[PDB]
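See structure below.
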Amino acid sequence: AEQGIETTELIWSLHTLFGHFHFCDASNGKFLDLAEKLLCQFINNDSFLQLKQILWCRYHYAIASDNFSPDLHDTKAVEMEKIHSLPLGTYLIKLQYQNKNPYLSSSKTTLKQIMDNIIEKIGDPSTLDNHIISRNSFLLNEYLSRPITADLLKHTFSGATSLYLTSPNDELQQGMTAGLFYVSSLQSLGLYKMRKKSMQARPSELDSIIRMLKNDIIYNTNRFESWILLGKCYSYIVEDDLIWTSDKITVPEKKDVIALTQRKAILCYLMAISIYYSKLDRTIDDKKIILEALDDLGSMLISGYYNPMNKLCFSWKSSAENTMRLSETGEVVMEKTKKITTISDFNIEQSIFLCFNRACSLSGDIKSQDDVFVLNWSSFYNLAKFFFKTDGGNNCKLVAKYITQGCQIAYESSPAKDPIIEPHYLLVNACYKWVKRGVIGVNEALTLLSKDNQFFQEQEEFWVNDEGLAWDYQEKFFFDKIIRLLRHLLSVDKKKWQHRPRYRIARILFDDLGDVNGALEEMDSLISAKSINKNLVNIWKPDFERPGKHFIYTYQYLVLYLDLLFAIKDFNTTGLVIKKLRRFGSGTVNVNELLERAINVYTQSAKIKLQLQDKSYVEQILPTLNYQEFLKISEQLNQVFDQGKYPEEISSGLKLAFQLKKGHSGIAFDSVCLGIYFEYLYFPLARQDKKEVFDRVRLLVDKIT
Amino acid sequence: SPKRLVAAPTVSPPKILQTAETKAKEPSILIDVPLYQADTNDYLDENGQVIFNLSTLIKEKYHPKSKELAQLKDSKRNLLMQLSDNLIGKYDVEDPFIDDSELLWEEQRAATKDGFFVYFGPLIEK
Amino acid sequence: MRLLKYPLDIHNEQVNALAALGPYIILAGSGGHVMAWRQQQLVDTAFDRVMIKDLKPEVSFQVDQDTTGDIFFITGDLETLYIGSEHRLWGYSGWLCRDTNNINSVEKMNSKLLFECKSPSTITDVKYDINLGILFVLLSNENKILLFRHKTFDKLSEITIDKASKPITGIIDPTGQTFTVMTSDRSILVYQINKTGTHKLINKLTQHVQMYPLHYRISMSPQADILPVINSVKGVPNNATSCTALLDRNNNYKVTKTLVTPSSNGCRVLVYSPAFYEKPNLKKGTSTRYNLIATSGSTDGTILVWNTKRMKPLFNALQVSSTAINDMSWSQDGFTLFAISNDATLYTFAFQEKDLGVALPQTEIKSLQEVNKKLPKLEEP
């Protein structure tokens, strides 16, 4: 004790003396070597401070402490061995965190660079030297390759799920006993999350961290937190693939790898929970971490179970893709393996509810053991996502006092920048759907809005179930109140959630109120067809707004906008939508299919509002026209044609149909353009008296333009 | 001509004889599995095989009283919701999961005779 | 057939290796708890002549083993019991009393640590030939083979292998004339070794086998003629299920008959019955001679026994255990099959003559061994 203190003072004095005349580099830095060797055994922060100075003097490892200065005694940089790096990093862990959980500790990036240096000097664990490491990795790959059975979930909840790993008991066993890759992966994930908040994080960065977690796990460290982190890495991968890549969703083959990653994250979480359940003396902090792990696993199960996934992670194919099938003749048939679902869906729903029930139970246990613990709305949000299109609010007395708590936590923990709209948003959506379908008692449903008037800040007459009217009028006034709350949602900062409020505005105004004009006026500010220099859909993306919303949601809004325009049969705005959509390729995915659908709606609106007879212009009129008569009538028409002598709808429809015929593959706009031409320009002049007709149409369009 | 696939003779089913509760959670189980022709008590011909599963026979020997599947699903999930507000050999009501649909799936997959046989010679596909 | 399932009473250990020495079947847990049982007691228990609650081990004790390695290797004879961990080895001479045919006490056992190895050198396989009286050591990192004399532990010879050829398992000649080793790099090596330990690599067969980092149990044919090669690589169509190749000793290891395994993971334990079985077809006046081989996969509790003269397995015992099978063993007559697993649960298979057919005498099997091709004698240097 006193020996280490006196040694620290002596070492500091000598280091100061050497920096005073810049001469520690004599005798090859073996003084620094000896001092490092002795300070490896001295566990105090002053020894740590002198060790920071030693690392900056020797290998030039700059350790950024705010109260620290370089004692430069003119020493050249050396390279540290792995043999020196291991107890040094162990000392760094034990001095940085001591008895505090590094997961719960704030991430100090002071040690982070030197951590990366120690990792680089260590490198990867070399395989092909331990049967234990090879066998444990093989078992790990097997366990990830295992399908999903409900009995496995039962054994996870009872803690009977184990892989029965063996610790390699090597030199680096103590380093993973320190959880070196765990701390390094924790730093990597914290910096990854910070880059994800700045949206500069990339999925290729995670593979090294995942491999580090594998290398830590195969040491049989009995650390379920590593499983939690590996499942979290797979979870963040799955989040990136599902949100930022719709093409992986549409392609079933990439969806297979997505389901594989879902299965891997689920297996990591189940192993983590069963390892925790295998622990006997489980402390409170273990409950705190495993509660979060329960939340992650329940969220992953919600993600994997529902649309657009729909239980693909529970459908299993064998690794041997071809089945040697015995025929009844005694001959062998190679047969392709099919995906077989390995668990019934009711068991999956049970597992989800059991995870959330045990999460609520452990939340009550922790709040009994730590009453300053702050609860989460996410349990009620996930139960509402269970209630999404499944229950219909049959348990209305139990619908109350869980959405109540969800909205209460959402508003009471609402920050000043942007409140937690989503429980109240989903409450509004569920109230709309179940009032419209009549599945609920409206009285307590509107009475809970008096509680949620904390978030609403409107009058109590809005939440009084005033049933002294016709039910449609009560619903419409409820829609007025929802529109008022939507204006309240426009009033907030709305970092990325303007568009779905406008969608709900359109859903109120069209589906329910019948005011197609008001919905069109609302969506014309969102979709500017009649402009020229703007885009098609104005979701405020000049050069700044991130993708992800306008990939699919803008397509869906344009689908509903096509429905709105087809309700009133306006073709001019539809053609302007198509013209803006030709330059809006980067604003959405599947521009070709949306362009085809917009062409379909434009042609249907033009045929319905103006009227046509298509099967006549091509097969019947064109073979029966004399060539000289057609030339004479078309030339007299081209000499005769004035835009003031025809309606602007007819001439603009002809111009738009010919322009879209020049833009697209001909056939889709032969019918409309030939119909407009032969019905309004050719035959009325003929009664008074394809390439050729479309050239005359081109001449008349050049007369229009 | 190659010798045809004669049908498997009707072997009498294996029956659980004695189950004694050990100090472990899994009791010791004695089962007689007949491996002969049940009609002649001869050695089986070349085309006989006995195929069976353990835990399916466990649930069948101990719990023949399987109720309606949808009713049992609703009862178990409502039991879980009411609880919100290993018995090896006995049927664990505290276990929420029902395996019988998946047991049927496994029975169908094992009911395939495809990949389980003996081929004399190299595996050359026709 | 009678099957008796018995969960053992060892707490928090896995029963990795078993040995049936004479009338005694000996069991080995992971942490050193060793229980030895009379096979006849379990035979009567399986036929319900002995009650289940009265069944107790003959001698059950703990080996003085340190934490450095775990036990996966037990061999020896009625005089000496050679027990090996994954880094250490103990031989127990005088373990069984000769006069009473009863197990001596552990104090009466002359316990001796015969060899110990250190990390990263790992023992892969332990074999002993009764005919040669030589104990065979298979080692990884480095890949070397050590030969040791029975009851003296004298290092008779050393065979050093390639670094990329890490040995996995070895196969004992029943006649004591050869030894066949399966390696990590899909290579199979046969060695002509005599009583004096002079060895000669006679055949090298590469890209023939598929190995994984596990412990395997493979037996040769009792007539010393048919070589089973499970998880075959050569000749198998790609992306199919696993298969077992049967190679003739006298016919230069051509593939004779093929076993079509299911799509799951490959077999881990293979055991020929020591008896040669005969079914006399009374209608044709013919007698069909055949062996019975017990096979079990490496993942699930599924075990199949195979008739050499049939186009089907005899029966299929599927999902007997939730864990993997660690070791299986026939009785000396082959009318009882033992099998152990990771979940400390015993499965004993009691057979009758109508279950198996008429077993031929061992003189017949020795005469069948005499028809096999004779090797040139080893030149002593």
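All of this is worked out from the model, or read from it or from the source named; no laboratory instrument gave them. Cβ: placed from backbone, ideal geometry, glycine included. Neighbour counts: every protein chain shown.
Considering only residues in segment A:344-376 that are part of a loop (DSSP other than H, G, I, E, B) and touching an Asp or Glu at 6+ places or on another chain (Cβ under 9 Å), the one that is nearest to the other protein chains (Cβ to nearest Cβ) turns out to be A:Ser344.
From the list A:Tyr677, A:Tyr627, which one is of a type in the set (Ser, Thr, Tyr) and buried (at least 17 other Cβ atoms within 10 Å of the Cβ)? Only one candidate passes the filter, namely A:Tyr677.
Hand me the list of strands (runs of 3 or more DSSP E) wholly inside segment C:1-101 holding 3 or more residues that are within 14 Å of chain B (Cβ to nearest Cβ).
Values: elements: C:2-7, C:17-21, C:24-28, C:33-38, C:59-62, C:71-76, C:80-85, C:88-93.
Fully inside segment C:1-101 and qualifying: C:2-7.
Take the conditions (1) touching a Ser or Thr at 6+ places or on another chain (Cβ under 9 Å); (2) over 30 Å from C:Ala17 (Cα atoms); (3) within 11 Å of another protein chain (Cβ to nearest Cβ); C:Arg289 misses just one of them, which is (3).
Out of C:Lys309, C:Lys284, which single residue is of a type in the set (D, E, K, R), over 19 Å from B:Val33 (Cβ atoms) and either crowded, with 21+ Cβ neighbours inside 10 Å or within 12 Å of chain B (Cβ to nearest Cβ) (or both)?
On the way: C:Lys284 fails: either crowded, with 21+ Cβ neighbours inside 10 Å or within 12 Å of chain B (Cβ to nearest Cβ) (or both).
Criteria check complete, one pass: C:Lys309.
For A:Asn28, the stated conditions do not hold, so it cannot be described as closer than 20 Å to A:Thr110 by Cα and not assigned by TED's automatic domain parsing to the domain that holds A:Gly175.
The one condition from (1) more than 30 Å from B:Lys113 (Cα to Cα); (2) at the interface with chain B (Cβ under 9 Å from one of its Cβ atoms); (3) surrounded by 19 or more Cβ atoms within 10 Å (Cβ to Cβ) that A:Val332 does not meet is (1). A:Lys655 passes every criterion in (1) in contact with a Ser or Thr (Cβ under 8 Å, 6 or more places away or on another chain); (2) among the charged types (D, E, K, R); (3) more than 30 Å from A:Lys580 (Cβ to Cβ) apart from (3).
Hey, does segment A:369-384 have a residue that's out of contact with any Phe, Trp or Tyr (no Cβ under 9 Å at 6 or more places or on another chain) and over 28 Å from A:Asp285 (Cβ atoms)?
To start, the set of residues in segment A:369-384 that are out of contact with any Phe, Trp or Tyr (no Cβ under 9 Å at 6 or more places or on another chain) comprises A:369-378, A:381.
Checking the rest, the ones that are also over 28 Å from A:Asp285 (Cβ atoms) come to none.
Taking every residue of segment A:369-384 in turn, none turns out to be out of contact with any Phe, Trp or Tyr (no Cβ under 9 Å at 6 or more places or on another chain) and over 28 Å from A:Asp285 (Cβ atoms).
A single member of C:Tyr272, C:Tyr277, C:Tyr253 is within 13 Å of chain B (Cβ to nearest Cβ) and either touching a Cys at 6+ places or on another chain (Cβ under 6 Å) or not polar (S, T, N, Q) (or both), and it is C:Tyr277. Here is the figure for segment B:79-93: residues that are more than 10 Å from chain A (Cβ to nearest Cβ) and either among the charged types (D, E, K, R) or closer than 18 Å to A:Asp151 by Cα (or both) total 6.
Of everything in segment A:537-556 that's part of a helix (DSSP H, G or I) and out of contact with any strand residue (DSSP E or B) (no Cβ under 7 Å at 6 or more places or on another chain), which residue is surrounded by the most Cβ atoms within 10 Å (Cβ to Cβ)? Selected residue: A:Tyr555. Answer with yes or no whether B:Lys76 is within 17 Å of B:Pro13 (Cα to Cα), charged (D, E, K, R) and either more than 11 Å from chain C (Cβ to nearest Cβ) or in a loop (DSSP other than H, G, I, E, B) (or both). Here the answer is no, as B:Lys76 does not meet what is asked. Contact annotation: residue pairs with Cβ atoms under 8 Å, 6 or more positions apart or on different chains, pairing a residue in segment B:23-48 that is within 25 Å of A:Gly330 (Cα to Cα) and facing another protein chain (nearest Cβ under 7 Å) with a partner that is among the small types (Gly, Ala, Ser) and crowded, with 20+ Cβ neighbours inside 10 Å, are B:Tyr43/C:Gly357.
Of A:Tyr646, A:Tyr617, A:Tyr682, A:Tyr677, which residue is touching an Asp or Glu at 6+ places or on another chain (Cβ under 9 Å) and outside the structural domain of A:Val577 (by TED's automatic domain parsing)? Even if it seems obvious, please write down each step before you answer.
On the way: A:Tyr646 fails: touching an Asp or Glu at 6+ places or on another chain (Cβ under 9 Å); A:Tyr682 fails: touching an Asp or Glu at 6+ places or on another chain (Cβ under 9 Å); A:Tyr677 fails: touching an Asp or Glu at 6+ places or on another chain (Cβ under 9 Å).
Step by step, each of A:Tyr646, A:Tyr617, A:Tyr682, A:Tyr677 is checked, and only A:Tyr617 is touching an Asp or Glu at 6+ places or on another chain (Cβ under 9 Å) and outside the structural domain of A:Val577 (by TED's automatic domain parsing).
Given A:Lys255, A:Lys288, A:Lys311, which one is within 14 Å of chain B (Cβ to nearest Cβ) and among the charged types (D, E, K, R)? If you could, list the steps in order and put the result at the bottom.
Numbers: A:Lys255 fails: within 14 Å of chain B (Cβ to nearest Cβ); A:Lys288 fails: within 14 Å of chain B (Cβ to nearest Cβ).
Unique residue meeting the criteria: A:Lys311.
Conditions (1) at positive phi; (2) at the interface with another protein chain (Cβ under 10 Å from one of its Cβ atoms); (3) over 21 Å from the mean Cα position of the chain (by Cα), marked per residue:
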| site | (1), (2), (3) |
| --- | --- |
| B:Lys61 | no, no, no |
| B:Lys65 | no, no, no |
| B:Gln71 | no, no, yes |
| B:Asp99 | no, yes, no |
| B:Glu102 | no, yes, no |
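Counting only helices (runs of 4 or more DSSP H) wholly contained in segment A:447-530, the ones carrying 2 or more residues that are within 21 Å of A:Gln408 (Cβ to Cβ) occupy A:453-456, A:471-491.
Give me a count of the residues in segment B:104-126 that are more than 9 Å from chain A (Cβ to nearest Cβ) and either of a type in the set (S, T, N, Q) or not in a helix (DSSP H, G or I) (or both). Of the residues in segment B:104-126, 5 are more than 9 Å from chain A (Cβ to nearest Cβ) and either of a type in the set (S, T, N, Q) or not in a helix (DSSP H, G or I) (or both). Evaluating A:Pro415 against the criteria (1) surrounded by fewer than 16 Cβ atoms within 10 Å (Cβ to Cβ); (2) within 14 Å of chain B (Cβ to nearest Cβ) leaves one unmet condition, (2).
Would you please name the residue that is surrounded by the most Cβ atoms within 10 Å (Cβ to Cβ), looking only at residues in segment C:187-228 that are under 17 Å from the mean Cα position of the chain (by Cα) and β-branched (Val, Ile, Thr)? Restricting to residues being under 17 Å from the mean Cα position of the chain (by Cα) and β-branched (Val, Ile, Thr), the top hit is C:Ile218.
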